[PDB]
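Novice: Handing you this structure, nothing more for now.
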């Protein structure tokens, strides 16, 4: 991990020459199917962050992730207006269908008690960070897909006040800022 981190420094011509869609697609699919959102962090590091907005690779990675054929990796929100205090984010865990059952209980799970209920918000924070670091300046064909989601009121209602998010709380602002 450390050697491939040091190879993946600023390095413009390496990003636009020796990196193709196939190897990152295997990195997007095969490594990412199981667990461990540190690989999601390294995928986000490969995407843009040299200093500001490598444009050639950010429009290759987005079509590797944001297509509906590559769904069930990211976590989406719906605002099903159930029963003030209506918001839900939906995640699957390696075997079966949507089940979420809450998001306010994750604030109760933010202190201690579970591991499968504590990995979910960390994975959500990291994929929020990847969405913020996806285009962030000029790439338009994949900023339109993330325009409908978290559009106007959903990003503000999740970032009004809550018991105990700190890093995800900053992740909402970071996705706001771009």
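In the deposited numbering, the protein residues as written are 592 to 674, 693 to 787. Idealized CB from N, CA, C, for every residue including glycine.
Between which two residues does the alpha helix (DSSP H) harbouring residue 649 extend?
Specialist: Segment 646–656, the alpha helix (DSSP H) holding residue 649.
Novice: Under 6 Å Cβ to Cβ from residue 772, same chain only, skipping five residues before and after it: list those, please.
Specialist: 716.
Novice: Determine the closest residue to residue 637 out of 626, 650 and 699, with distance taken between C-alpha atoms.
Specialist: Nearest option by C-alpha distance: 650.
Novice: Which class does residue 670 belong to by DSSP, given the choice of helix, strand or coil?
Specialist: In this structure, residue 670 counts as coil in the three-state DSSP scheme.
Novice: Where does residue 723 land, buried or exposed, given buried means 16+ other C-beta within 10 angstroms?
Specialist: Burial call: exposed.
Novice: Would you mind reading off the limits of the alpha helix (DSSP H) that contains residue 625?
Specialist: Careful: residue 625 lies outside any alpha helix (DSSP H) and carries neither H nor E.
Novice: Pull up the distance between the alpha-carbon of residue 658 and that of residue 776, whole angstroms please.
Specialist: Cα to Cα, the separation comes out at about 27 Å.
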